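Everything below concerns the one structure shown next.
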Amino acid sequence: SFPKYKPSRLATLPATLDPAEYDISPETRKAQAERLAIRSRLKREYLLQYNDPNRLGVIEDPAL
Amino acid sequence: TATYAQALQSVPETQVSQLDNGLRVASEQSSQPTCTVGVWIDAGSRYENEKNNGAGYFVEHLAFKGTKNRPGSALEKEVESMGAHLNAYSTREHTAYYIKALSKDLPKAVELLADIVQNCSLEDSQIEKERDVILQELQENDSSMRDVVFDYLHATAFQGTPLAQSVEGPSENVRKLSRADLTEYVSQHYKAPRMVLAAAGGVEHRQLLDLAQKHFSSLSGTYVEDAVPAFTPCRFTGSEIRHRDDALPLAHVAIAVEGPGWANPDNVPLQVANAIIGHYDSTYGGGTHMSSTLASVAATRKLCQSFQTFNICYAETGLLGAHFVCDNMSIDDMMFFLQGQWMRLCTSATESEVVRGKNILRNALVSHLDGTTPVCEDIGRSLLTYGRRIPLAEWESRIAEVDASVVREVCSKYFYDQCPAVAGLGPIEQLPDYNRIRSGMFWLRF
Amino acid sequence: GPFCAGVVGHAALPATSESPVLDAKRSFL
Amino acid sequence: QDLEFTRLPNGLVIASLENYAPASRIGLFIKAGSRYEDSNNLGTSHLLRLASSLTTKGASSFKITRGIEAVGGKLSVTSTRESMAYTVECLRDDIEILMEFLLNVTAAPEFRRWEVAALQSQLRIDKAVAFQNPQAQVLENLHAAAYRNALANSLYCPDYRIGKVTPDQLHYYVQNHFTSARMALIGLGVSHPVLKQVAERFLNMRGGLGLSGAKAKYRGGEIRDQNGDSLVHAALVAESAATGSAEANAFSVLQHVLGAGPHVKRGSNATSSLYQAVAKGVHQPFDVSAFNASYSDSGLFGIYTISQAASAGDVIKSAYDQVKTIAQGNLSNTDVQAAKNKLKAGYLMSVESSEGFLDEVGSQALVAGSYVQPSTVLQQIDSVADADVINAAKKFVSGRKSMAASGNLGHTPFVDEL
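Residue numbers (the authors' numbering), protein chains in the order written: chain o, 2 to 65; chain u, 35 to 480; chain Af, 47 to 75; chain v, 36 to 453.
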């Protein structure tokens, strides 16, 4: 029983010591799949614009 | 001239074997011509989330309503034609399907159990019919006061935790449930490592194992897309839920404190303590002369129609307390006497009552494990919870180790100065406010 | 289904037994 | 070991099976009950069943209760119309103490006036608890309507006799009906010689047959309660064979043919012929089963139905018509075989548990003296032919019928209409 690690605002709790990383449910996996889908769609669009030989200029990021 | 110890030694021993898929096949063999073979599944409401709560009850309802191999009438016809009795019970932590049948009919019973567990049709028309039936059964279960007060106890004690959910589930979930949700529940929770095939009576362990290899082998423990349900410890919250309905004739109150898990060794001394507290109903003949002080006072003053002490244990937490039905104007007195008995056991328990409690526990253990159905139930539940069927000799040794010092220690740990969880139903106005109830949990003298 | 109208008891359990009296699927229906 | 049966000279029957189990169960079965009550002492059997813990010559009420509780034992009194059974269950080591308590209760009761007066309220409490389920009252009225004599007496004390049961009546009932020729001491997990010793020790006195009840006479009446309950419980029965007769086995097979109890939870009772026959006519919540009661003098067979008040007539008529169809010869050999299997399995499952085995041994000892092995009982079941089942159905249809109904009863048919 080693002393536990008190997370703080400037010392976040590691994913390894996350009590929720070891309590997984089918819906959590579904949400992870959805997030991966979102990231994949965004990365696809960005790379499509980024590898275009015709493009000349900045790739306007709406998020920025 | 066999002695109790010799009789325990002569008890047939449970043999546990595991199929490669993870199904555990367990058997206790007796000379009886009748056998009870059942599949115990480690699935229940505690493994269900909010939206799919009650799916286990739905699946239990429609499991005997047909399979892909044999349609709905066919399963019932086979079971009745061989004379077998097919029954299922679903709890917050366990779900089981067991068949009482003749020993010569073991192969067919195993086939039917495998078909029910694996190849369940879940047909949509039957789904709608069972939906209607389950809504009606919820309305009926509203009438059963004991079940309601225990559900309230679980809701208030384990609030914010899956254990709070009822086995049947909210009516809204029942009407919103679909075939996809039931299929997903079966796929997620009915897995070979989480299932136990248990039998009792005239069953040969080799034959049972071979039948299991023949039929249950296809069932697999792999989770689709590695979506593995993860067990969650449940927090115990000291709370009070009062459904004040003065129209009801008698008041039901259930008060409990957090208890040990299934595997915790302190269960045995606590069971001895509860046996010391005892149980009373108005129909008991013993009355005033009954050893239990609470029972004696209740009989003398007609305080309560019935009072019983319960030790409900789950994997990591449990509800330890008592449930008593009493008149509207006797609730406060009965609560006072119950808490007084709790504190007396905690502080000044004596050897004689400890011996009485141990003897009562021994008799309950030996008497309950009588017949193929209870023996098979104990085998399955013990494999699921303890990971092993604790032999009666081990139970006797653990009971014998209990002494007054042990009872005082464990009762002080679990009952003294601990916030209780209280659920009340009916004319419960005289039920003391929670501050008074908590104050009763400790003695200013001690 | 005799449904012997049993009474809960300890140290005195009065049980009275009648003959098959149905009440089999009333909850189901 | 094997069951050992001994008929003592005083007429007592002692049976013991050493199961080598942790728990030992000893039961004294006495041929007394509501049947042997006359009109004057009605309900005495009920209070006698309740008065199992009252002060005895050997021990006081306090000693009996405290000792039985201290060893963790249980003392139970089980009463039928023709039988009363006193049983003690505990660990084998402490069986002697509970045996002494049991024989003190059975053979030397004191029935002190104050204790009986105190216990008289338990008569009403028990009656109310038992009558919560409508089945109890319906069957009480069914027995009252069917027979004009001994078997009509209720298992529960009549309301007018609640406070009127006297200690003298209890003493008279015990002396004249608790007798050695009427008793059988059945033990599980106890050696035969020990049981024999205890039987000589206490059960030597009060020998002889004792007072004999009159033969039950069929009355063919109807009792309709009109209690206003939503569902209507109605039972229509006709006289049948006494227990331990060929026609009795035929009637049991007929009961299983028609449908006795569902085997699959929340099922449709597909094998049960009555259930389907009613179900096709009535789509409302309903229930139906075959009522087979066998006693030493005579028996009753018939149909018990629970249905919506409005549809009670349809359900009763459909069940009666299905029995009529069986009587006319529309009975398949396969149905008979399936019913035989169900009955044999039911017998085996009943004798599986210790309580069931003790009860069966006691019932056989009291009714027939000797103990018949389960194999012979199964052979008797097999011996029943389809023609016997048809003849049993014909006897039920043709015979005069008695009916008890409880509920709204607005549409419940009278016996003449059926």
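By construction, the Cβ of each residue, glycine as well, lies at the ideal position given by its N, Cα and C atoms.
- Assignment of o:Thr17 by DSSP, reduced to helix, strand and coil, places it in the coil class.
- Membership of v:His268 in the beta strand (DSSP E) is indicated by the continuous run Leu266 to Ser275.
- u:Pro294 and u:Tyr448 have their C-alpha atoms spaced approximately 9 Å apart.
- At a C-beta separation below 9 Å, v:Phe166 has no neighbours in chain u, since its nearest C-beta there lies roughly 13 Å away.
- Residues of the region 206-227 of chain u whose Cβ lies closer than 8 Å to any Cβ of chain o, in chain order: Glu218 and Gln222.
- Around u:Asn103, the same chain offers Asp149 and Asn153 as residues with beta carbons nearer than 8 Å, after the five sequence neighbours per side are excluded.
- Under the rule that a run must span 4 or more residues, the alpha helix (DSSP H) segments found entirely inside the region 279-304 of chain v read 281-293.
- For v:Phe286, no CB of chain u lies under 8 Å from its own CB, so it is not counted at the interface with that chain.
- The Cβ neighbour count for Af:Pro60, taken over all protein chains shown within 10 Å, is at least 16; the residue is labelled buried.
- In the three-state DSSP reduction, v:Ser329 falls in the strand class (E or B).
- By the Cβ neighbour-count rule, u:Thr190 is buried, with 16 or more other Cβ atoms within 10 Å of its own.
- Secondary structure of u:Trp296 (DSSP, three-state): coil.
- Membership of v:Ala142 in the alpha helix (DSSP H) is indicated by the continuous run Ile130 to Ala142.
- By the neighbour-count criterion, in which 16 or more other beta carbons inside 10 Å mark a residue as buried, u:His128 falls on the buried side.
- Any Cβ of chain u closer than 8 Å to the Cβ of Af:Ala61 would place that residue at the interface, and such an atom is absent.
- Checking the DSSP bridge columns, you'll see u:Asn308 has no partner listed.
- Taking the beta carbon of u:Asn87 as reference, no residue of chain o falls within 9 Å; the closest one sits roughly 13 Å away.
- Under the DSSP assignment, u:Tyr224 falls outside any alpha helix (DSSP H); it carries neither an H nor an E label.
- Between u:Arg213 and u:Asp158, the CB-CB gap stays under 8 Å.
- In this chain, the alpha helix (DSSP H) harbouring u:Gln173 covers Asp158 to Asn175.
- Counting the other CB atoms within 10 Å of its CB gives u:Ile133 a total of 16 or more, which places it among the buried residues.
- Of the candidates v:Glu452, v:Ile221, v:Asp128 and v:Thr41, v:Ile221 places its Cα closest to the Cα of v:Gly62.
- At a Cβ-Cβ threshold of 8 Å, u:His313 and u:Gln342 count as neighbours.
- Between the C-alpha atoms of v:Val106 and v:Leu133 there is a straight-line separation of about 9 Å.
- DSSP places u:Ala333 in the helix class (H, G or I) of the three-state scheme.
- Annotation for u:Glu110: the continuous alpha helix (DSSP H) segment containing it runs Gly106 to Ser115.
- With respect to the C-alpha of v:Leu89, the residue from Af:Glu64, Af:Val67 and Af:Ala58 having the closest C-alpha is Af:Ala58.
- For u:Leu42, the chain v residues whose Cβ falls inside 9 Å of its Cβ are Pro57, in order along the chain.
- Here u:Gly72 is bridged, per DSSP, to u:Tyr132 and u:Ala232.
- From the listed residues v:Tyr355, v:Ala422, v:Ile49 and v:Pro448, the smallest Cα separation to v:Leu230 is found for v:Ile49.
- The beta carbons of v:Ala344 and v:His446 sit closer together than 8 Å.
- Along the region 303-317 of chain u, going in chain order, the ones with a CB nearer than 9 Å to a CB of chain Af are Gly312, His313, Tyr314, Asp315 and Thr317.
- For o:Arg30, the residues of chain u that pass the 8 Å Cβ criterion are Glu259, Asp260 and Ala261, in the order they occur in the chain.
- Of the residues v:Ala58, v:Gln357 and v:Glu104, the one whose Cα lies closest to the Cα of u:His323 is v:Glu104.
- The closest CA to that of v:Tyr55, considering only v:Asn45, v:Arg301 and v:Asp37, is found on v:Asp37.
- Looking from the CA of v:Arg127, the closest CA among u:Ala39, u:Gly458, u:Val45 and u:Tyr91 belongs to u:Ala39.
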